[PDB]
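Worksheet: the structure to be examined is printed underneath.
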Amino acid sequence: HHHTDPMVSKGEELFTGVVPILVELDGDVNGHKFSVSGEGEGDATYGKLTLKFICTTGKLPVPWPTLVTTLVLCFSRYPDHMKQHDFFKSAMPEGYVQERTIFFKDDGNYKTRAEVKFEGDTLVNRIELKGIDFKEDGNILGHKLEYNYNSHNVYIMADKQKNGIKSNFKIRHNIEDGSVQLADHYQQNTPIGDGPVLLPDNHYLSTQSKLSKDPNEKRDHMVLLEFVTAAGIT
């Protein structure tokens, strides 16, 4: 609402209230083609997301928790003293590309590319996902993961050469038998536009996610509440 840096003001202004979100994913995992649509709202003031996702092609062929990181970090809450480090909002409204490779230990990998940008007043995240080399009897295609999600801190670093950011981090998915399925993420983000962006000092994001079901919904779906806060600069 009041920042002495006009570049920060420009990005904050687009995220000042509740912003509607649309998520589209087209996926192919070991030749099972599927699509997911999601709708909800983001409130960057509190770092809060609320989304509901539907598999529009029938039953989702992989477990919903494996898609949480893939299915909008511009809604992170950056403390006032860290707002000059917020790459994600500084790239708006033209947006950014978010690319990942996700390696599931002892199993296959996801390769994702997403464009995150405004269409009018709506923040859209449009994703293509390709998954290969998964085991039919593994934890992913065998749906052995529990329907829950662990809190996680992720380290963000600038990539000055690409005018973007980079991160590598591990997600632990609980398996029904009490064990864990590791998912190693590599991520890079680059701006879509050619204007300047804020390139951050090293810092981390703290995330927490809660998964639930809509008791009146017959389609395969996931309801997601996420909180993300930046930290690590004193």
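By convention in this document, the chains of the structure tokens carry letters A, B, ... by their order, each chain's residues are numbered from 1, and ligands are numbered from 1 in the order they are shown.
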
All strand (DSSP E or B) residues (DSSP, backbone) inside region 146-175 of chain A, as an MDAnalysis selection string
chainID A and resid 152:159 164:175

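Proximity to residue 39 (chain A) at 9 Å, evaluated using only C-alpha atoms and with sequence-adjacent residues fewer than 4 positions away removed, yields residues 20, 21, 22, 23, 50, 51, 52, 53 and 54 of chain A.
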
From the list A:226, A:82, A:168, A:46, which residue is nearest residue 151 (chain A) when using only C-alpha atoms?
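Distance minimum relative to residue 151 (chain A) lands on A:226.
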
May I have a table of the residues of region 89-122 of chain A lying at most 9 Å from region 9-15 of chain A, giving each one's closest pair of atoms and their distance in Å to one decimal, counting only C-alpha atoms, ordered by chain and ascending residue number, as a tab-separated table?
residue	atom	partner	partner_atom	distance
A:89	CA	A:11	CA	5.1
A:90	CA	A:11	CA	5.1
A:91	CA	A:11	CA	7.9
A:92	CA	A:11	CA	6.7
A:93	CA	A:14	CA	7.9
A:121	CA	A:14	CA	8.9

Within 6 Å of region 192-202 of chain A, counting only C-alpha atoms, which residues show up once you throw out same-chain ones fewer than 2 positions away? Write them as a ChimeraX atom specification, please.
/A:85,87,90-91,94-96,156-158

Any chance you could export the current selection's C-alpha atoms as a short mmCIF file (atom, residue, chain, number, x, y, z; two decimals), in the first residue's frame?
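As a result, out17.cif now contains:
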data_model
loop_
_atom_site.label_atom_id
_atom_site.label_comp_id
_atom_site.auth_asym_id
_atom_site.auth_seq_id
_atom_site.Cartn_x
_atom_site.Cartn_y
_atom_site.Cartn_z
CA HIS A 85 13.12 -9.74 -3.24
CA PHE A 87 10.55 -11.90 -8.20
CA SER A 90 7.59 -8.24 -10.20
CA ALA A 91 7.16 -10.32 -13.35
CA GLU A 94 3.09 -10.35 -18.34
CA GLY A 95 4.02 -13.33 -16.20
CA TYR A 96 6.69 -15.93 -15.89
CA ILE A 156 15.21 -19.53 -3.58
CA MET A 157 18.32 -18.27 -5.42
CA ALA A 158 18.74 -15.75 -8.22
#

For each of A:224, A:165, A:97, A:49, take the minimum atom-to-atom distance to residue 77 (chain A), counting only C-alpha atoms, then give the residue where this is smallest.
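Closest to residue 77 (chain A) of all the choices is A:49.
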
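Our summary of the geometry notes that CA of residue 210 (chain A) is positioned 25.3 Å from CA of residue 166 (chain A).
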
In Å, rounded to a single decimal, give me how far CA of residue 37 (chain A) is from CA of residue 68 (chain A).
13.0 Å

Quick one: everything within 9 Å of region 129-144 of chain A, counting only C-alpha atoms, minus sequence neighbours fewer than 4 positions away in the same chain. Send it as a list in words.
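Listing them by chain and then by number gives residues 25, 26, 27, 28, 29, 30, 31, 61, 62, 63, 66, 70, 104, 106, 107, 108, 109, 110, 111, 112, 113, 114, 174, 175, 176, 177 and 181 of chain A.
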
Proximity to residue 76 (chain A) - best of A:45, A:101, A:188, A:167, only C-alpha atoms
A:45
